[PDB]
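Here the structure comes first, spelled out in structure tokens, and everything after it is commentary.
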């Protein structure tokens, strides 16, 4: 008998599983093309936004922009979003691995083993795999030489999936220098990513200093040397008032006239307080009235107005100044110092150049290239690279990738499968096969013979060649340490853990229930 | 949804949101029922939960099995009121033995 | 009764009888029936083995055992009789409220010799202040406690800046003055129909007074009638006389909801029902049944007259009227007979 | 919440003049009633001005019974 | 409350932030607040936890009765202008002389006081919702003070350690108060890979 | 439930509050008692 | 209580009086 309102469903334990798994596998095979050093990338187009479209390789964005109705698929999409929040790439990996997990779990359901046992076995295998992975980690502490070497290795690895691959060395230098500039600060906002058309992608670069996309005031000096810098949030054009909103009631317009006058002198003496610090460069996020800048030009002090909180932060980091207010005690505020300030034009627009900076805390990369899509995806790729690379700085351990690490995981899981004996062992072997499926897909998109490659790699690992991995420029097994095809431990750890949790939650479902959409 | 070996449900919100859970109170809360006694069971689970906690994992289960067997009795033409009275007596006995 | 009277009459209506004869017979029969009932009415205060409540208890016993709580009658009768015994002598239902707390088995439903709230409202410190007060004094404010939030609307003009400072200081001094009056009153519990300023809550918390705001007016009237205090609107005129007192004050969780308790007042003419129950629908149904119980037992206290149940009254009337029908010849006899035959329906 | 007609009635009942000025509770135009209280009939709060007036008063009839439609009929007849 | 046989779950602060493992989920004998520091330049860690809890915004006071001044003269406006910064200096001196080290305000700041507060090594938090605030108060044993003037050292809150956490790899931050004495309130911080989880 | 050769849940420590089951069973009894208590329904067509 | 049955009978009586004292009905749109 009808129970729900019209437009509501009830799928129980056959159709629920079927729909969930179809959605999961569809999501997986939807993104498999983007993974791998020879991987591909997608085109996503808005429904109607003047056709707002994003050529994309990072799977996280792909799942973000796609509208999915099957609830399990949406769960996976949120999963990828979180994983990107953590490491940047492997969203690709996480989704594809989860998808194959679900497909192979469906195959097990065909074998008709109770899902609860599947969950228990998968939990055991995941524990074993994470332990084996931890056993395979490699640290690099004070060894600055090997450290920086492995760092650029990480850059080259993760970068070689987006379009920037054919310039791996260049952007590798870029990211390495950028993150090394952070002095261990994990605040990526210290890195600004300016993008503007024109020039080859190779022309993209990191300045020696800092850049600002703002307009100078009226003719204050355009270029400044041995610049002294001061930063504040005190609004000027919003003429400083007393927020409660007192009136002004006066008997004669003489009084209103003198009140205007007093307003101007009050502004002027604030300006003079500013100048008492003896500072030739001043900025503020607020808009500045032109009378203040006229006073500034009378002092000949260059001033840049309306650089938002992000810009203020970056200036503070790069120049060491303490963004300020009321300027009341000059000795108690530390100014900002830079070697030189000048205006340079790139492509079409004059930009504010900050060379010779006291603090290397902040930086900003110029993005030259071909397409707003190309530039957009390059932006996204560099952001992911910076994310993973900062994570590397926080945790100075690495893992040998190229599928090699994952195959070690599978090998250990298979070994534990023998000590299992029971139905769980079937799920153990299941997990191992699903894990091994990843580099299979890699070499697949690499157009090499996947079947032999994976078997040979497993043979090498079961032998014990824990270093042997995959070459993507010739399609063969090789020493990863020679090739430096490595990645952060934390990345793959999150991959595994999140995938296991996703598998647990998805399999535990055995009924979908939709209320009628409003 | 009952038992450690039990399996939980996943709900779809009106606004397209999703939620996976095992707590029966939530299960019935998110449900869009129309038949009235379904609403009564939903409110049942809500009351039981925000009085105690889990157990809603099975309270409505008790309800349903009991009502099933009650129908078994009605088929033999027993008037419902005596059934109610007997069930009350049985409940008192059960709790005191418990 | 109405429908069955009409049912028995209708066949005679098939005969072209002028309705007025029928209604005359009806009026005569009803008058005679009422007189018969009053004759065979039973009092108890003439008798010896009645407690002034036993009739009331059995009356609740009878009236209850048809509604949704029938198997808890031995319990609910005792609660309702003891409760209504407190209602004297105003006798009006508005005093004892009914509180439909969600959840719980109705066997756990509570009768409190005091007043409780299903309500509160979260301000800043409401969780900070102690929530036990063993022997407290109840202060009852209708006036709000907040910074000229909704008091008289006024524009103000001030030349000297220092005077503007003094103005804001004086406003806050208004609220502080009110709060000092409250504390120096010596009470610890404050209730308000109107909203309470957070700052005043903070001060009560610091000085270990309990407070609450926005309390519904009806429950406030219940409370003031309970602890004997009189509601106040002028904080200044406060004195110990209008300060209610209670045996003990509390506020304890029931089904996730945050309630407030104060009870044990020896001289309290109004109580309240905390009515546990797992069904929202039980709330309304049990409330309706309880309302019937309360109002019927009130009538019973008013009138020490009882009759047997189970339709026996109707059977006695049927016999009496049928026998009387023999005396009156003609068309009236048949109508009286039909009267009895309809009456026996119960 | 009395309506204008209502307060007019009460004015006539107690013979005391309604005062638009709040201040002067003047002795001569001030009310005089035998008894006033609140009672319950039919679950209805009722304010009663129970009176004895030799000079003459405007009295009221109380109608009791089941059906309000019968009240309409019976009061119309009265 | 063993003496009562109850417990109000309002004292329990359930809080789940997505990310990390499930095992990472950890109770914090303290309160966790969904705001970062009022001014970004302020130090991220604080060892001492002299805490101030305020509800008056760091602004020139405005009596909420419909009110506004009527400045007329040169000197009138000059006096108002002086008062504008004089009041900020007054409140700064008040909070400093109180002996506090860290402050928390219910409402927003005027940026000018934001700086001046930075000038005296007193990190603070802006736009803190009520319930979170009182959790802070009870956890630190402090009180809620409505003025600067009535603020004194005794009402100041104390804790073991307060430290901002950049929990998210690329997202805005959180605030944790690792109070170390007894706290009638506590919070649970839940982490994991799924919003649904 | 977890396939351990002892049905002694006391050793298995699988435990539950008296209040839990007690409230559960009493509440269910009252609920279903009402469910039996009803006979007639009048649904207005949507 | 006697009052219940007494009032019941009185109300039913006058109900019958009222209903039976009707011959025809007029409806307005």
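Protein chains in written order, with the deposited numbering: chain A, 9 to 526; chain B, 51 to 148; chain C, 100 to 445; chain D, 315 to 392; chain E, 198 to 394; chain F, 493 to 538; chain G, 495 to 523.
Think of the CB as a built atom: it goes at the ideal place given N, C-alpha and C, for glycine as much as any other residue.
- According to the DSSP assignment, residue 479/A belongs to the beta strand (DSSP E) that extends over 476-479.
- According to the DSSP assignment, residue 311/A belongs to no alpha helix (DSSP H) but to the beta strand (DSSP E) extending over 310-313.
- Residue burial annotation: residue 165/C is exposed, with fewer than 16 other C-beta atoms found within 10 angstroms of its C-beta.
- In the three-state reduction of the DSSP assignment, residue 293/A falls in the coil class, being assigned neither a helical nor a strand state.
- Closest option to residue 172/C, judged by alpha-carbon separation, among 107/C, 364/C, 385/C: 385/C.
- Neighbours of residue 363/C in chain F, taken as residues whose beta carbon is under 7 angstroms from its own, are absent, since the nearest beta carbon is some 26 angstroms off.
- Under the DSSP assignment, residue 62/A falls outside any alpha helix (DSSP H), being part of the beta strand (DSSP E) whose first and last residues are 61-64.
- Rounded to the nearest angstrom, the gap between the Cα atoms of residue 249/E and residue 352/E is 8 angstroms.
- The C-beta of residue 404/C comes closer than 9 angstroms to at least one C-beta of chain G.
- Annotation for residue 359/C: the continuous beta strand (DSSP E) segment containing it runs 359-362.
- Between residue 378/C and residue 90/B a beta carbon distance of about 6 angstroms is seen, short of the 8 angstroms cut, so the two are scored as contacting.
- Listed along chain F, the residues sitting closer than 7 angstroms to residue 206/C by beta-carbon distance are 518.
- Following the DSSP letters along the chain, one finds residue 137/B inside the alpha helix (DSSP H) bounded by residues 130-147.
- Annotated three-state conformation of residue 268/A is helix, per DSSP.
- Taking a beta-carbon distance threshold of 9 angstroms, residue 380/D counts as an interface residue toward chain G.
- Along the segment 328-355 of chain C, going in chain order, the ones with a CB nearer than 7 angstroms to a CB of chain B are 354, 355.
- Chain order gives the chain E residues near residue 246/C as 260, 261, 262, where near means a beta carbon separation below 9 angstroms.
- Residue contact check for residue 330/E against chain C: a CB pair falls below 9 angstroms.
- Here residue 496/F is exposed. Its C-beta has fewer than 16 other C-beta atoms within 10 Å.
- For residue 250/C, the closest Cβ of chain E is nearer than 9 angstroms.
- With at least 16 other beta carbons inside 10 angstroms of its own, residue 198/C counts as buried.
- Within its own chain, the residues whose Cβ lies closer than 8 angstroms to the Cβ of residue 365/C, once the five positions on either side in sequence are excluded, are 346, listed in chain order.
- In this structure, the straight-line span from the alpha carbon of residue 257/A to that of residue 253/E is close to 29 angstroms.
- About 6 angstroms separates the Cβ atoms of residue 18/A and residue 521/A, confirming a contact at the 8 angstroms cut-off.
- Look at the segment 271-314 of chain C and you find these whole runs of beta strand (DSSP E), each 3 residues long or longer: 288-291.
- Here residue 522/A carries a strand assignment [DSSP, helix/strand/coil].
- Between the alpha carbons of residue 443/A and residue 418/A lies a gap of roughly 6 angstroms.
- Not flagged as an interface residue toward chain A: residue 120/B, since no C-beta distance is shorter than 9 angstroms.
- Your pair residue 380/E and residue 335/E checks out as a contact, with CB atoms roughly 7 angstroms apart and the cut at 8 angstroms.
- Contact annotation for residue 64/B against chain A: 523, 524, 525, 526 [CB-CB distance below 8 angstroms, chain order].
- Counting the other Cβ atoms within 10 Å of the Cβ of residue 508/F gives fewer than 16, which makes it exposed.
- Residue 96/B and residue 153/C have their C-alpha atoms some 39 angstroms from each other.
- Contacts with chain E at 9 angstroms (Cβ-Cβ) do not include residue 218/A.
- If you draw a straight line from the Cα of residue 510/F to the Cα of residue 148/B, it comes to about 8 angstroms.
- Assignment of residue 412/A by DSSP, reduced to helix, strand and coil, places it in the helix class.
- Residue 239/C sits in a strand when the DSSP states are folded into three classes.
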